[PDB]
Every structure is written in structure tokens, then in C-alpha cells.
């Protein structure tokens, strides 16, 4: 199938700062990847981006009914949906599972946690190793869980320490040489 493709994208975006104290709403229109127009709450009207949006900028900005709808979206749309979702999104907490094994590289495999915010630290004989750490960084599993593999270059007790919003105190897993 050689036939040319044509893609329209719309992203209604709600950005939340300090819970819901500050909220930014964007209505963003895209042809392929090309954002051609948007409504930025902070701007308060439509602005043509890649000026294929010129018509849409004028025509939409001349419908003052639309504008008060969109100017209100940060309350009627964003803060509303935040409220609905808060309990099972913002407040979702799932514990990390931690496994240490030699791959030397000593692997600290940290699995199945939510949210993504996490600190994984290696200790050799109780002192934090700040060099020779090879990390995957944060991997999204696409199912509301994350993983990360944090590997220590070794040539004794080695402990992987995990801090995460789900935990009351650090998780540690030891490997004795």
C-alpha cells in the first residue's frame, strides 16, 4: 500500500501546577506533526502556528461564544477532570519490587512501581557509590507500571537502596560477595 496518507491530530491539554492552584489549557491542532493553530489559556485566544491555521485563527476568534467556552475550559474541563481522576491517577501508588543479581556488573532490577519518581542508590560497605553506575533510566511499561535497571561496576556487602512515594522508608536489598 503505496497511497499517500493524511493525518489530523487534536490534543486538548491540561497542565496542573501545585495540584490545581495553577492550570494551563491548550487546544492544539496538527496536520501530520505540524501544529497549525492553538488556544493557549494564558494567551486567551486562538493563534495560528504554521500559518496553515490562518483561516481557523480568524473564523474561531470571531465566534465569541467559542472563546468564553475555551476561556472557561481550565475550570469546566481541566479542574473538573482532575477531580474525577485524582483518586486513581495523582494518588495511585504501587510499590517497587527489587531484585539484585550479577549480570562484573551488579544489577539492581526495580520493577512494577507507580508513579515514575524514584531514587535508586548503590552502597559498597555502606558507602554510596557515585561512579561506575550504568542506568537504563525510567522505562514506562505502558500498563501504569515502570521499571529501571541500575547496574554497578564491581571488582564485601553491596546494597541497593530504593526510595519511592509508595514506601514509608527505604527498601534495601543486599548482595554479599
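Positions refer to the first chain, counted from 1.
The segment from residue 155 to residue 156 is interrupted, since 4 to 9 residues of the deposited sequence in that interval carry no coordinates. Per the record, residue 103 and residue 104 are separated by 4 to 9 deposited residues that are missing from the model. Between 44-52 and 28-36, it is 44-52 that carries the larger average Cα temperature factor according to the deposited entry.
Between the stretches 156-164 and 12-20, it is 12-20 that shows the larger average CA temperature factor. Per the PDB record, 66 has a higher Cα B-factor than any other of 133, 66, 108, 138.
Of the candidates 72, 94, 98, 90, the PDB record gives 72 the highest C-alpha temperature factor.
When the CA B factors of the chain's modelled residues are split into thirds, the value for residue 58 lands in the highest one.
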